[PDB]
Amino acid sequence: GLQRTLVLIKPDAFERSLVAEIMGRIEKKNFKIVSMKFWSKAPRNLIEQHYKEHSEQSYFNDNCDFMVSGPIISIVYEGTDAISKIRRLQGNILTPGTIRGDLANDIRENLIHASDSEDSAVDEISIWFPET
């Protein structure tokens, strides 16, 4: 049934003026905003916590640098099967119809993050909205 998931809108969305386009796609599939924060520049520690699973990868530092290179928005969305459904909406740069498939063409500059599972959603919401 009802789930909550964490979405980040990435600095490339701001640079390319695609913020509303992305949020609109999620809004049109009937998901609701439960919490939202705007960061002119996200604190690097939050970014590093968010991507901690990748801390050993060669791209870790470079990806973190990208993620602090402009604003981000962190959003908690709520709706039926929200985690999987918003993950599907995000898609990938190979899949037309999805956010990444229609709008992105890079492995790193890919516009949006959505939690990939129940456990990561719980964790990511606590990173960005520790108040709850």
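The first residue of the shown sequence is 1; numbering continues from there.
Could you check which stretch, 112-120 or 10-18, carries the larger mean CA temperature factor in the entry?
Comparing averages over the C-alpha atoms only gives 112-120.
Should the higher mean CA B-factor in the entry be assigned to 87-95 or to 56-64?
According to the PDB entry, the answer is 56-64.
For the C-alpha B-factor as written in the entry, point me to the maximum among 72, 103, 46, 75.
That would be 46, according to the entry.
Taking the values exactly as deposited, rank residue 36 by C-alpha B-factor within its chain and report the matching third: lowest, middle or highest.
Its C-alpha B-factor belongs to the middle third of this chain's values.
Could you tell me which third, lowest, middle or highest, the C-alpha B-factor of residue 82 occupies within its chain?
Within its chain, residue 82 is a middle-third residue by C-alpha B-factor, going by the deposited values.
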